[PDB]
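**Q** quick one: initial chain(s) of a complex, as found there:
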Amino acid sequence: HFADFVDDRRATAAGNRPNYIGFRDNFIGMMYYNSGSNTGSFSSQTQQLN
Amino acid sequence: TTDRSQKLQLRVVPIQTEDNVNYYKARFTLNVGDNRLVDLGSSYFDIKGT
């Protein structure tokens, strides 16, 4: 990414920063836990009992 | 009025729907349990779309 640079020709290049992108530990933050907007539901066929 | 823990306004989600170009079917399973009583004057759909 051009560590230094002057005007066309003489320049150094340092490598880019190590950036690891993966999922979280235990897949934290994929499933809406504790949100009033987005609440899951385990219920029977007595439908209303959530 | 009784004292045992039972609810007031039932929310039943449909068992299975048929989305078609011309119509949209919804089928519900209404459990009127033992020692319960429903007037269907209060029965209404709560439909929601764009």
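**A** Nice, I can see it. Residues are numbered from 1 along each chain as shown, chains lettered A, B, ... in the order given.

**Q** okay, now residue 10: neighbour count?
**A** If you meant another chain, say so; for now it's chain A. Residue neighbour count, defined by other Cβ atoms under 10 Å in any protein chain shown, stands at 8 for residue A:10. Any C-beta I mention is one placed from the backbone N, CA and C, and that applies to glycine too.

**Q** not quite, go with chain B.
**A** Here the number of neighbours of residue B:10 (other Cβ under 10 Å) works out to 17.

**Q** what sits against it?
**A** The contact partners of residue B:10, taken as Cβ atoms under 8 Å, 6 or more residues apart in numbering or on different chains, are A:47, A:48, B:30.

**Q** sequence for chain C below, add it please:
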Amino acid sequence: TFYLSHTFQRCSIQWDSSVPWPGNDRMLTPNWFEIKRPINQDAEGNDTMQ
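**A** Below, chain C sits with the chains from the block before:
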């Protein structure tokens, strides 16, 4: 001449700090009277008269 009768959003009643009213699972949201529900914060219906 009341005019700020909106802006309430919620109402919770507890007897002796533990016993709820009406805690017999009477409401859809059973632990508090929910007055307003802002839409785009809403999934399972629970909105009247548009």
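
**Q** once more for the contacts of residue B:10, now including chain C?
**A** A:47, A:48, B:30.

**Q** quick one: name the residues of chain A near chain B.
**A** Contact residues, chain A versus chain B (Cβ under 8 Å from any Cβ of the partner chain): A:45, A:46, A:47, A:48, A:49.

**Q** repeat that with 6 Å
**A** Among all residues of chain A, those adjacent to chain B (criterion: Cβ under 6 Å from any Cβ of the partner chain) are A:46, A:47, A:48.

**Q** without its sequence neighbours, what residue ends up closest to residue A:37?
**A** The shortest distance from residue A:37 to any residue other than its chain neighbours is 4.9 Å, reached at residue C:41 (Cβ to Cβ, 6 or more residues apart in numbering or on different chains).
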